[PDB]
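Every residue, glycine among them, receives a Cβ derived from its backbone with ideal geometry; neighbour counts consider all protein chains shown. Please treat every number below as a calculation from the coordinates, not as lab data.
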Amino acid sequence: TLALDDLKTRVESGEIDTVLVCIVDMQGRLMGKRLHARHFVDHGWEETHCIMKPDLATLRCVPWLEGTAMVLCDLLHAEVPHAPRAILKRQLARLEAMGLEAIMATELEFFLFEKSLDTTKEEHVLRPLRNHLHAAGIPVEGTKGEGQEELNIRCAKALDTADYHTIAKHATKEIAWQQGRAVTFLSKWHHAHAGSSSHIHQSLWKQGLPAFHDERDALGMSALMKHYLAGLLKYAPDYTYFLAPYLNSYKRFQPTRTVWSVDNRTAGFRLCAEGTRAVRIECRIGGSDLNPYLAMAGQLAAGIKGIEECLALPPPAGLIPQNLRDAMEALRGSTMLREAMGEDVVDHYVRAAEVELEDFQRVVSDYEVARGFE
Ligand SMILES: Nc1ncnc2c1ncn2[C@@H]1O[C@H](COP(=O)(O)OP(=O)(O)O)[C@@H](O)[C@H]1O
């Protein structure tokens, strides 16, 4: 990350002239304004409207853009509750009031199309992606080909991980564009091809130790981790919507069973690195269309309250909402998320799901037409 005073040298030098002052919307997108950096260092970092308060800890250079830097903001006379960033921070603050620090990672998938939007060949997008992100302070492990690719970023404090996921989403679209190539984070862009997921690894820490670990434990799972996983499991449909916010999200489901497992393909929750310090939980429910903040904040809610009831952990080996109408309702009736996040926030994202279904009633798809000549 980039010191404010450091920015101000880069501005007077004339190396940086743009600061993207962003928040993150429901869709998971960077939204905001593009300030002339002189204005930003003089009164723009203070506050601007749309109110956005820049968080100078989030200030980065943006190597895949000339003269350009960015900062993420808190949206405000207090913090607006249904802002995804704010929603994730709230859960995390619960966690720290218990001495617990969440540590998280995202296996972000996408599709590289050969045409513009209008090994060597892949790397013309992937290599800059890796290199520029790394040069933005984001801890890139690398790329793995699943034209379906995947970006590995080293785990981090959950709020870091969310920012990274977001920024890397952004960088990929931009770098692909500049490379004349399309990229989509669609969970299912076609029937014939694989779904793109966003697997989410999680673990809790306390003052430095892996709270999820009992060296004692049969496979390495401590008391608290079991309560945690049991919560994720109990409330998987409550927050299915934050994993699967669009119509198209449910077509990846052709990894949806409310079970945990260390070997299964059907379990919505894989157990990784059994036996070790790096013991953690993998949620495989989300596709790559998801909002990181919300998906993270949703599970932490379920994980926290799994602990606060000392809920018991069933053996490894019902179903999550199979569509968006069901998932929306499952959120509406989520008295868990209601208390965890607030009645107003839940109602807000319920309405968000409502608008998404209604948006469908107002366009006539190609599939209707084709199937409609009988
Ligand atoms: N304790 C942990 N908590 C959360 N995420 C972790 C932890 N340890 C590793 N990870 C993350 O899990 C992801 C999956 O990594 P893995 O499947 O072990 O292959 P590799 O680590 O060799 O890339 C990695 O991006 C890594 O950052």
Given Cβ point charges of +1 (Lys, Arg) and -1 (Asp, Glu) and nothing else, what value in debye, to the nearest 20, does the dipole of the range 1-151 about its Cα centre take? 240 debye
Which ³J(HN,Hα) values in Hz, rounded to whole numbers, follow from the phi angles of the range 167-176 under the Karplus curve 6.51 cos²θ - 1.76 cosθ + 1.60, where θ = phi - 60° and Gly and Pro get x? 4, 5, 4, 4, 4, 3, 4, 4, 6, 4
Once you charge only the Cβ atoms, +1 for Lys and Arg and -1 for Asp and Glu, what is the size of the charge dipole of the range 135-250 about its Cα centre, to the nearest 20 debye? 140 debye
Would you work out if the range 82-374 is rounded, prolate or oblate? Take a ≥ b ≥ c from the square roots of the eigenvalues of the alpha-carbon gyration tensor; rounded if a/c is under 1.5, else prolate when a/b is larger than b/c, oblate otherwise. oblate
Using packing as a proxy for protection, rank 161-172, 361-372 so that the peptide with the highest average count of other Cβ atoms within 10 Å comes first. 161-172, 361-372
Hz values of 3J(HN,Hα) by residue in the range 348-355 - Karplus curve (6.51, -1.76, 1.60), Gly and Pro given as x: 6, 8, 5, 4, 4, 5, 5, 4
How much of the DSSP beta bridge set in the chain is antiparallel, as a percent to the nearest 5? 85 percent
Go through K33/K173; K115/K188; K53/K305; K89/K157 and tell me which ones have a Cα-Cα distance over 23 Å in this structure. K53/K305
Might you report the magnitude of the Cβ-based charge dipole of the chain about its Cα centre, with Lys and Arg at +1 and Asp and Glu at -1, to the nearest 20 debye? 580 debye
